[PDB]
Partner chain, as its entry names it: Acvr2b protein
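First, one chain by itself: the form solved without the partner chain, in structure tokens.
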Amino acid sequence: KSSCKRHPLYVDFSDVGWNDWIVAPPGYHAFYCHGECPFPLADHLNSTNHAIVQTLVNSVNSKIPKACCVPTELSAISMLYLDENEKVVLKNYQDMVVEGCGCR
């Protein structure tokens, strides 16, 4: 099975009915993390000692799950939304785009 990495995810605001409050953009590249977290994890510098220990414990006890592929780095995006009197307002939204994936 494919190991922990970033996958494409374009979020279309019309498809989620968000085009009514989001003036701009019409959507964005959000991405997502997905993939197996097999030993050795320590070939990545964005994992953790706890994830390394959990993987070791999992190998001895299958009831304890393996680490999970999640975003380890996120970036912000600016969006325009409608305020009172139909005023278009620019606002920065943190942790919107996946920049890195890792096993945690």
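Only residues modelled in both forms are compared. Numbering follows the first chain given and starts at 1. Think of the rigid core as the biggest set of C-alphas that the two forms share within 1.5 Å after superposition.
One more form of this protein should be noted, the form deposited with the partner chain bound, which is absent from this view; the next part is about it.
Shown here without the partner chain, the chain has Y10, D20, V23, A24 in 4-24 lying with a heavy atom within 4.5 Å of that partner in the bound PDB entry. Superposing the rigid core between this form and the one not shown leaves a single residue from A24, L9, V16, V88 with a C-alpha shift of at least 2 Å: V88. Once both forms are overlaid on the rigid core, the distance between the two CA positions of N46 between this form and the one not shown is 2 angstroms or more. After superposition on the rigid core, stretches of three or more consecutive residues whose Cα atoms move by at least 2 Å between this form and the one not shown are found at 39-42, 44-46, 83-90.
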